[PDB]
Each structure stands twice: as structure tokens, then as C-alpha cells.
Amino acid sequence: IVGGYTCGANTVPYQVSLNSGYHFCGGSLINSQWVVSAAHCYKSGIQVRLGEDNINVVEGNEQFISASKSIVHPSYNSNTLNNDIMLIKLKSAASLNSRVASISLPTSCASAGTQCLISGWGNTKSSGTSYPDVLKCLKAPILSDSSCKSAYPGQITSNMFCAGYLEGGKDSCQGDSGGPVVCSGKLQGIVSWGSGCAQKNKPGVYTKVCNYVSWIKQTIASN
Ligand SMILES: O=C(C1CCN(c2ccncc2)CC1)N1CCN(S(=O)(=O)c2ccc3cc(Cl)ccc3c2)CC1
Ligand SMILES: [Ca+2]
């Protein structure tokens, strides 16, 4: 998270870490047994780490549950990063508490101007390489599709939305992918991509989760 701030221990309880030796992507806990992430973060043999603030130190509030099923969207395209959504089922149910809690799904899509919370343990430098130990947060407004399409000509699809600043400075970054973009307590987006980090006129693009609410619900029930 470039231009972010320390969230503060377990202030983002729904935030999970997709581990496979090292932290590679983020994610959200939508319910006791299901985690939502980005299809581009798909890896075989994932360990979902919950109750994490400082990823590098075992603060005892952690819960590490292996993934039993990984369900990537059928229409997902790696080239375009369209339909960059993936559902992961936990091997066992996460014990919900204060450090670990779920985030609700949206009933409607958000409007441009809506302030959202974007978080993760990803690169904080738009220039070099610097990764935090603790959880970083960033508040950014959902940009209008007019701005989004003008920022990325011929790249934005109806399943994507821009959030951040055309002045750059603040933006998600490498390693934040899969992470949550929560506006008003609803999971509205998933950290998908962007051209660089905090680049002027190049704000991060996120997966428009409200488009998949139906798919998600049917996927959750059947598996
Ligand atoms: O920073 C980036 C991208 C990463 C994706 N991206 C965004 C932008 C905004 N939001 C989400 C993702 C735009 C910048 N890259 C530099 C690093 N390369 S990399 O050599 O493939 C790479 C990949 C993973 C790494 C992990 C670590 Cl721990 C250190 C260096 C790494 C370097 C990929 C592009
Ligand atoms: Ca820890």
C-alpha cells in the first residue's frame, strides 16, 4: 500500500494472508469457511493465515487453515485479468472472534466518490522495493468509469473499477493483490491490477465484486 498508514492490530479482521512459504497475496473472509481473492493469485497448496497483523511475528492471535478447494472464475482471462475473482474454501471453519471476523457481500454496486478502505502487506514504495511487517491501510474514493476508461484506454471492462488518485501518490501495489476494498462494510472490490504503483493518472484497478454476488452465492452453496 503506497501512501498508506498502519491499520492498527486486528482493525481489519476480515483481512487474510494467502501463504505458501512467504506471503504472496491478500484476501477477504466472507464467512466462517470461505475466503475470496483474485484469480491471478491462484496457487496449488495455499495456507490461509487469519488473525494476522504483523505477518513476520507470531502474535498468538493467528489461525492457519489450509485451503481444501480453490474455485477460479470460469471466464477468467490472465491476459486481460478480466474476471479476476477466486474463491477458496478453508479445510476447517475459522474461529470467529475479535481478531477474526467476516465481511459482508454487497447488495448493490457503489457509486463514484464513495470512500473505501484498501489494505495489505504489499509494496509501500512506488519507486523501490519495501514490504511492511504489519497491516497497512489506505482510504481511496471509487472513481467514475469515465475516469477509469480514460486512464486505461481499451483496458477497463464492466467487471472492473478504478479507485485511488489521478495525482498518484496513494495506491495499492504489488503484494496487495487479492486484498479487500471495503466501502461501508461491504466488500466492493478485490485488488486486481494497475500500471505501477501510485503513478499519476494510473490508479489501481479492482475486481467489481458486486457483479459476482450471484456467482459467489451459488458457488458457496454447491461446494
Ligand atoms: O510492482 C510491480 C507491479 C505489481 C502489480 N501492480 C499493481 C498495481 C496496483 N494494485 C495492484 C497491483 C502494478 C505494479 N511489478 C514489479 C515487480 N515485478 S516482478 O519482478 O514480477 C516481482 C514479483 C513478485 C515479487 C515479490 C517480492 Cl516479495 C519481491 C519482488 C517481486 C517482484 C512485477 C511487476
Ligand atoms: Ca503474525
# chains A, B, ... in the order shown; residues from 1 in each chain; ligands from 1
>>> residues_near_ligand(ligand="ligand 1", cutoff="9 Å", atoms="only C-alpha atoms and all ligand atoms", output="ChimeraX atom specification")
/A:1,22-24,122-123,125-131,171-178,191-198,202-206
>>> residues_near_ligand(ligand="ligand 2", cutoff="9 Å", atoms="only C-alpha atoms and all ligand atoms", output="ChimeraX atom specification")
/A:49-62,133-134
>>> closest_residue(among="A:93, A:72, A:48, A:16", to="residue 219 in chain A", atoms="only C-alpha atoms")
A:72
>>> residues_around(residues="residue 40 in chain A", least_positions_apart="5", cutoff="8 Å", atoms="only C-alpha atoms", output="tab-separated table (two decimals) with N, CA and C atoms, in the first residue's frame")
chain	number	residue	atom	x	y	z
A	78	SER	N	-6.17	-14.47	-17.96
A	78	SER	CA	-4.91	-13.99	-17.39
A	78	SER	C	-4.32	-12.82	-18.15
A	81	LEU	N	-6.90	-10.04	-17.32
A	81	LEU	CA	-7.15	-10.01	-15.88
A	81	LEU	C	-8.62	-9.71	-15.64
A	84	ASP	N	-11.10	-11.54	-12.53
A	84	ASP	CA	-10.01	-11.85	-11.62
A	84	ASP	C	-10.56	-12.11	-10.23
A	85	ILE	N	-11.42	-13.11	-10.12
A	85	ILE	CA	-12.01	-13.46	-8.84
A	85	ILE	C	-11.86	-14.96	-8.60
A	192	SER	N	-6.79	-6.04	-7.93
A	192	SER	CA	-6.51	-6.78	-9.14
A	192	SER	C	-5.21	-6.36	-9.84
>>> select_by_dssp(residues="range 92-158 of chain A", states="helix (DSSP H, G or I)", output="list in words")
residues 145, 146, 147, 148, 149, 150 and 151 of chain A
>>> atom_distance(atom1="CA of residue 170 in chain A", atom2="CA of residue 7 in chain A")
15.0 Å
>>> residues_around(residues="residue 216 in chain A", least_positions_apart="5", cutoff="9 Å", atoms="only C-alpha atoms", output="list in words")
residues 36, 87 and 221 of chain A
>>> write_last_selection(atoms="N, CA and C atoms", output="PDB file, in the first residue's frame")
ATOM      1  N   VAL A  36     -12.367 -15.060  -0.155  1.00  0.00           N
ATOM      2  CA  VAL A  36     -12.418 -14.573  -1.534  1.00  0.00           C
ATOM      3  C   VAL A  36     -11.099 -13.863  -1.882  1.00  0.00           C
ATOM      4  N   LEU A  87     -12.479 -18.072  -5.315  1.00  0.00           N
ATOM      5  CA  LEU A  87     -12.997 -18.448  -4.007  1.00  0.00           C
ATOM      6  C   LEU A  87     -12.158 -19.603  -3.479  1.00  0.00           C
ATOM      7  N   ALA A 221     -22.697 -22.426  -1.885  1.00  0.00           N
ATOM      8  CA  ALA A 221     -23.683 -23.460  -1.556  1.00  0.00           C
ATOM      9  C   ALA A 221     -23.377 -24.863  -2.082  1.00  0.00           C
TER      10      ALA A 221
END
>>> residues_around(residues="range 212-215 of chain A", least_positions_apart="6", cutoff="12 Å", atoms="only C-alpha atoms", output="list in words")
residues 30, 36, 71, 72, 73, 74, 75, 83, 84, 85, 86, 87, 104, 105, 106, 107, 108, 109, 158, 159, 160, 186, 187, 188, 189, 190, 221 and 222 of chain A
>>> write_last_selection(atoms="N, CA, C and O atoms", output="mmCIF file, in the first residue's frame")
data_model
loop_
_atom_site.group_PDB
_atom_site.id
_atom_site.type_symbol
_atom_site.label_atom_id
_atom_site.label_comp_id
_atom_site.auth_asym_id
_atom_site.auth_seq_id
_atom_site.Cartn_x
_atom_site.Cartn_y
_atom_site.Cartn_z
ATOM 1 N N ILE A 30 -15.347 -14.053 3.890
ATOM 2 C CA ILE A 30 -16.749 -13.674 3.701
ATOM 3 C C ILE A 30 -17.671 -14.395 4.671
ATOM 4 O O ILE A 30 -18.765 -13.920 4.974
ATOM 5 N N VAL A 36 -12.367 -15.060 -0.155
ATOM 6 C CA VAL A 36 -12.418 -14.573 -1.534
ATOM 7 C C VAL A 36 -11.099 -13.863 -1.882
ATOM 8 O O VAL A 36 -10.523 -13.165 -1.049
ATOM 9 N N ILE A 71 -11.574 -22.344 -6.254
ATOM 10 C CA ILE A 71 -12.504 -22.211 -7.361
ATOM 11 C C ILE A 71 -12.317 -20.879 -8.087
ATOM 12 O O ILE A 71 -12.771 -19.836 -7.627
ATOM 13 N N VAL A 72 -11.582 -20.919 -9.190
ATOM 14 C CA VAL A 72 -11.331 -19.735 -10.002
ATOM 15 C C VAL A 72 -12.517 -19.545 -10.947
ATOM 16 O O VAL A 72 -13.152 -20.523 -11.353
ATOM 17 N N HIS A 73 -12.842 -18.294 -11.258
ATOM 18 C CA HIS A 73 -13.945 -17.993 -12.162
ATOM 19 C C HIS A 73 -13.680 -18.647 -13.525
ATOM 20 O O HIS A 73 -12.549 -18.616 -14.025
ATOM 21 N N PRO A 74 -14.715 -19.265 -14.134
ATOM 22 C CA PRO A 74 -14.574 -19.925 -15.441
ATOM 23 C C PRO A 74 -14.155 -19.013 -16.607
ATOM 24 O O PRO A 74 -13.397 -19.430 -17.480
ATOM 25 N N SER A 75 -14.645 -17.777 -16.611
ATOM 26 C CA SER A 75 -14.314 -16.829 -17.672
ATOM 27 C C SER A 75 -13.059 -15.994 -17.405
ATOM 28 O O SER A 75 -12.788 -15.033 -18.120
ATOM 29 N N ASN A 83 -12.360 -10.885 -14.866
ATOM 30 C CA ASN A 83 -12.944 -11.923 -14.025
ATOM 31 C C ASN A 83 -11.869 -12.467 -13.091
ATOM 32 O O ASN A 83 -11.753 -13.675 -12.862
ATOM 33 N N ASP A 84 -11.102 -11.537 -12.530
ATOM 34 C CA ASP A 84 -10.010 -11.852 -11.624
ATOM 35 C C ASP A 84 -10.562 -12.108 -10.228
ATOM 36 O O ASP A 84 -10.215 -11.430 -9.266
ATOM 37 N N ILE A 85 -11.419 -13.113 -10.120
ATOM 38 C CA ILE A 85 -12.009 -13.459 -8.839
ATOM 39 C C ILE A 85 -11.855 -14.960 -8.599
ATOM 40 O O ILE A 85 -11.921 -15.764 -9.529
ATOM 41 N N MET A 86 -11.575 -15.315 -7.353
ATOM 42 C CA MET A 86 -11.376 -16.697 -6.960
ATOM 43 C C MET A 86 -11.875 -16.915 -5.547
ATOM 44 O O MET A 86 -11.736 -16.045 -4.699
ATOM 45 N N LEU A 87 -12.479 -18.072 -5.315
ATOM 46 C CA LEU A 87 -12.997 -18.448 -4.007
ATOM 47 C C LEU A 87 -12.158 -19.603 -3.479
ATOM 48 O O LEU A 87 -11.812 -20.509 -4.223
ATOM 49 N N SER A 104 -19.262 -8.596 4.881
ATOM 50 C CA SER A 104 -20.468 -8.863 4.109
ATOM 51 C C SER A 104 -20.304 -8.624 2.614
ATOM 52 O O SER A 104 -19.409 -7.903 2.179
ATOM 53 N N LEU A 105 -21.152 -9.272 1.829
ATOM 54 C CA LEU A 105 -21.137 -9.101 0.385
ATOM 55 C C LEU A 105 -22.067 -7.935 0.049
ATOM 56 O O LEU A 105 -22.949 -7.581 0.839
ATOM 57 N N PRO A 106 -21.857 -7.296 -1.107
ATOM 58 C CA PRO A 106 -22.708 -6.175 -1.490
ATOM 59 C C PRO A 106 -24.052 -6.608 -2.072
ATOM 60 O O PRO A 106 -24.205 -7.729 -2.560
ATOM 61 N N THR A 107 -25.037 -5.723 -1.960
ATOM 62 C CA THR A 107 -26.381 -5.952 -2.494
ATOM 63 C C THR A 107 -26.540 -5.051 -3.712
ATOM 64 O O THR A 107 -27.468 -5.208 -4.515
ATOM 65 N N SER A 108 -25.629 -4.089 -3.818
ATOM 66 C CA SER A 108 -25.606 -3.135 -4.908
ATOM 67 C C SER A 108 -24.195 -2.598 -5.059
ATOM 68 O O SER A 108 -23.391 -2.661 -4.128
ATOM 69 N N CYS A 109 -23.872 -2.158 -6.264
ATOM 70 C CA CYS A 109 -22.563 -1.611 -6.544
ATOM 71 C C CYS A 109 -22.466 -0.195 -5.998
ATOM 72 O O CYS A 109 -23.484 0.491 -5.858
ATOM 73 N N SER A 158 -16.499 -4.061 -17.789
ATOM 74 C CA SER A 158 -17.613 -3.828 -16.863
ATOM 75 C C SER A 158 -17.467 -4.516 -15.515
ATOM 76 O O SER A 158 -18.263 -4.290 -14.608
ATOM 77 N N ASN A 159 -16.438 -5.348 -15.396
ATOM 78 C CA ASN A 159 -16.165 -6.092 -14.181
ATOM 79 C C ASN A 159 -14.984 -5.503 -13.417
ATOM 80 O O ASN A 159 -14.424 -6.155 -12.540
ATOM 81 N N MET A 160 -14.620 -4.268 -13.751
ATOM 82 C CA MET A 160 -13.501 -3.579 -13.121
ATOM 83 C C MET A 160 -13.876 -2.158 -12.732
ATOM 84 O O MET A 160 -14.741 -1.546 -13.346
ATOM 85 N N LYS A 186 -19.201 -3.344 3.179
ATOM 86 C CA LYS A 186 -19.473 -4.330 2.148
ATOM 87 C C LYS A 186 -18.205 -4.503 1.345
ATOM 88 O O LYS A 186 -17.460 -3.547 1.151
ATOM 89 N N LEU A 187 -17.939 -5.724 0.904
ATOM 90 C CA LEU A 187 -16.774 -5.988 0.077
ATOM 91 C C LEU A 187 -17.182 -5.554 -1.332
ATOM 92 O O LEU A 187 -18.020 -6.195 -1.963
ATOM 93 N N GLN A 188 -16.635 -4.438 -1.802
ATOM 94 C CA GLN A 188 -16.974 -3.923 -3.127
ATOM 95 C C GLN A 188 -15.958 -4.259 -4.208
ATOM 96 O O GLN A 188 -16.313 -4.344 -5.387
ATOM 97 N N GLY A 189 -14.705 -4.450 -3.809
ATOM 98 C CA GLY A 189 -13.669 -4.761 -4.774
ATOM 99 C C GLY A 189 -12.562 -5.653 -4.259
ATOM 100 O O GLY A 189 -12.444 -5.896 -3.064
ATOM 101 N N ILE A 190 -11.748 -6.134 -5.191
ATOM 102 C CA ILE A 190 -10.613 -7.012 -4.911
ATOM 103 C C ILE A 190 -9.408 -6.395 -5.621
ATOM 104 O O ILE A 190 -9.522 -6.018 -6.788
ATOM 105 N N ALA A 221 -22.697 -22.426 -1.885
ATOM 106 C CA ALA A 221 -23.683 -23.460 -1.556
ATOM 107 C C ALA A 221 -23.377 -24.863 -2.082
ATOM 108 O O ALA A 221 -23.537 -25.847 -1.362
ATOM 109 N N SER A 222 -22.987 -24.937 -3.350
ATOM 110 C CA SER A 222 -22.680 -26.193 -4.019
ATOM 111 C C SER A 222 -21.425 -26.925 -3.561
ATOM 112 O O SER A 222 -21.300 -28.128 -3.783
#
>>> closest_residue(among="A:63, A:92, A:31, A:207", to="residue 17 in chain A", atoms="only C-alpha atoms")
A:63
>>> residues_around(residues="residue 15 in chain A", least_positions_apart="3", cutoff="10 Å", atoms="only C-alpha atoms", output="ChimeraX atom specification")
/A:10-12,26-30,35,49-53,99-103,119-120,135,178-180
>>> write_last_selection(atoms="N, CA, C and O atoms", output="compact mmCIF listing (two decimals), in the first residue's frame")
# COMPACT_ATOMS: atom_id res chain seq x y z
N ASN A 10 -5.47 -5.93 14.25
CA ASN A 10 -6.81 -6.51 14.09
C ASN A 10 -7.97 -5.54 13.90
O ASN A 10 -9.08 -5.79 14.37
N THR A 11 -7.69 -4.42 13.24
CA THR A 11 -8.71 -3.41 12.96
C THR A 11 -9.41 -3.79 11.64
O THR A 11 -10.49 -3.29 11.33
N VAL A 12 -8.76 -4.67 10.87
CA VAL A 12 -9.29 -5.16 9.61
C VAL A 12 -9.30 -6.69 9.83
O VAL A 12 -8.47 -7.41 9.29
N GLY A 26 -3.29 -11.24 -0.76
CA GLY A 26 -4.19 -11.00 0.35
C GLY A 26 -5.55 -11.64 0.06
O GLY A 26 -5.69 -12.39 -0.91
N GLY A 27 -6.55 -11.34 0.88
CA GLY A 27 -7.87 -11.91 0.66
C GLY A 27 -8.85 -11.48 1.72
O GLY A 27 -8.47 -10.83 2.68
N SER A 28 -10.11 -11.84 1.54
CA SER A 28 -11.15 -11.49 2.50
C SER A 28 -11.89 -12.72 2.99
O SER A 28 -12.05 -13.69 2.25
N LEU A 29 -12.31 -12.69 4.24
CA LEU A 29 -13.09 -13.79 4.80
C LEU A 29 -14.54 -13.33 4.66
O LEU A 29 -14.91 -12.29 5.20
N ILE A 30 -15.35 -14.05 3.89
CA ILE A 30 -16.75 -13.67 3.70
C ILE A 30 -17.67 -14.40 4.67
O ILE A 30 -18.76 -13.92 4.97
N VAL A 35 -13.09 -17.91 1.80
CA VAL A 35 -12.22 -16.77 1.59
C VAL A 35 -12.30 -16.35 0.12
O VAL A 35 -12.30 -17.20 -0.76
N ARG A 49 -3.78 -17.68 6.35
CA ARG A 49 -3.41 -17.17 7.66
C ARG A 49 -4.36 -16.08 8.12
O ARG A 49 -4.45 -15.03 7.49
N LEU A 50 -5.05 -16.34 9.23
CA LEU A 50 -6.02 -15.42 9.82
C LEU A 50 -5.55 -14.83 11.16
O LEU A 50 -4.68 -15.39 11.82
N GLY A 51 -6.14 -13.70 11.55
CA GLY A 51 -5.78 -13.05 12.80
C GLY A 51 -4.37 -12.47 12.78
O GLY A 51 -3.73 -12.32 13.83
N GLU A 52 -3.90 -12.12 11.59
CA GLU A 52 -2.56 -11.57 11.41
C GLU A 52 -2.55 -10.05 11.31
O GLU A 52 -3.40 -9.45 10.65
N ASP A 53 -1.60 -9.44 12.02
CA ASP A 53 -1.39 -8.00 11.98
C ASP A 53 0.04 -7.87 11.49
O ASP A 53 0.29 -7.30 10.43
N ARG A 99 -10.40 -10.61 16.47
CA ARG A 99 -9.28 -10.53 15.54
C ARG A 99 -9.65 -11.10 14.18
O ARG A 99 -9.05 -10.76 13.16
N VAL A 100 -10.61 -12.02 14.21
CA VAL A 100 -11.09 -12.72 13.02
C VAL A 100 -12.60 -12.57 12.88
O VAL A 100 -13.36 -13.04 13.70
N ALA A 101 -13.02 -11.89 11.82
CA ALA A 101 -14.43 -11.68 11.55
C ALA A 101 -14.62 -11.60 10.04
O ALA A 101 -13.66 -11.34 9.30
N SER A 102 -15.84 -11.84 9.58
CA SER A 102 -16.15 -11.83 8.15
C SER A 102 -16.64 -10.48 7.65
O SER A 102 -17.07 -9.63 8.43
N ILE A 103 -16.56 -10.29 6.33
CA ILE A 103 -17.02 -9.06 5.69
C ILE A 103 -18.22 -9.41 4.82
O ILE A 103 -18.22 -10.43 4.12
N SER A 119 -6.48 -2.42 1.88
CA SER A 119 -5.39 -2.85 2.77
C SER A 119 -4.52 -4.04 2.36
O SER A 119 -4.90 -4.84 1.50
N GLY A 120 -3.35 -4.15 3.00
CA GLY A 120 -2.45 -5.25 2.71
C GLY A 120 -1.01 -5.07 3.15
O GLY A 120 -0.61 -4.01 3.61
N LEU A 135 0.02 -4.60 9.03
CA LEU A 135 -1.01 -4.29 8.05
C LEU A 135 -1.18 -2.80 7.77
O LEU A 135 -1.39 -2.00 8.69
N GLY A 178 -5.51 -9.43 -4.37
CA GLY A 178 -6.38 -10.37 -3.69
C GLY A 178 -7.04 -9.68 -2.51
O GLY A 178 -8.13 -10.06 -2.09
N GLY A 179 -6.37 -8.66 -1.98
CA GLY A 179 -6.87 -7.91 -0.84
C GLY A 179 -8.21 -7.22 -1.01
O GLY A 179 -8.65 -6.98 -2.13
N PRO A 180 -8.87 -6.87 0.11
CA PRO A 180 -10.17 -6.20 0.15
C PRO A 180 -10.20 -4.69 -0.05
O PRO A 180 -9.27 -3.97 0.30
